[PDB]
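Here is the structure we will look at.
Here the Cβ is made from the backbone with ideal geometry for all residues, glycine too, and neighbour counts use every protein chain on show. Values in this text are rule-based calculations from the coordinates and carry no lab data.
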Amino acid sequence: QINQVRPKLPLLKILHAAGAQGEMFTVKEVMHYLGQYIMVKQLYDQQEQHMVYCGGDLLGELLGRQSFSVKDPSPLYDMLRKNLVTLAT
Ligand SMILES: COc1ccc(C2=N[C@@H](c3cc(Br)ccc3F)[C@@H](c3ccc(Cl)cc3)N2C(=O)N2CCNC(=O)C2)c(OC(C)C)c1
């Protein structure tokens, strides 16, 4: 069931838009919803599926990189540690 977390408002809005409600979802849920959002808004390449291509989406603007890798999520963790209250997995 639901456990302790606190996000940032422009990141919580990605979480509502990915299918959620409230602001209370742990890093496991946040990353699941980020995967749904990237697939739902189509922020990736069909051959470079390990690579995200948000190009100017509110998610890419908020994270501060408009492209990043699933095997090198460095700007994604950097945004999360500055948005969320430091949830890690
Ligand atoms: C070889 O390339 C891969 C491999 C794996 C994925 C992958 N792995 C997850 C994941 C990764 C991490 Br770091 C931490 C927690 C996770 F939960 C998650 C995801 C969620 C949010 C983000 Cl920001 C990025 C990726 N993620 C998916 O959303 N998937 C994998 C299964 N099938 C799908 O269609 C969608 C993949 O994803 C890209 C398409 C986005 C591509």
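List of remarks:
- Going from the residue with the fewest nearby Cβ atoms within 10 Å to the one with the most, 79, 39, 31 rank 39, 31, 79.
- Among 14, 38, the order by Cβ neighbours within 10 angstrom, fewest to most, reads 38, 14.
- Anchor residue 8: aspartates and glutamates whose Cα lies under 13 Å away (excluding residues fewer than 8 positions away in-chain): 23
- Looking at the chain, the trypsin sites (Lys or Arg not before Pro) that sit in a DSSP loop and have at most 12 other Cβ atoms within 10 Å of their own Cβ are 71.
- If you take all other residues with their beta carbon under 14 Å from the beta carbon of residue 72, and give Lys and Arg +1 and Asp and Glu -1, the sum is 0.
- Ignoring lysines fewer than eight residues from residue 71 along the same chain, the ones with Cα atoms less than 23 angstrom from its Cα are 28, 41, 82.
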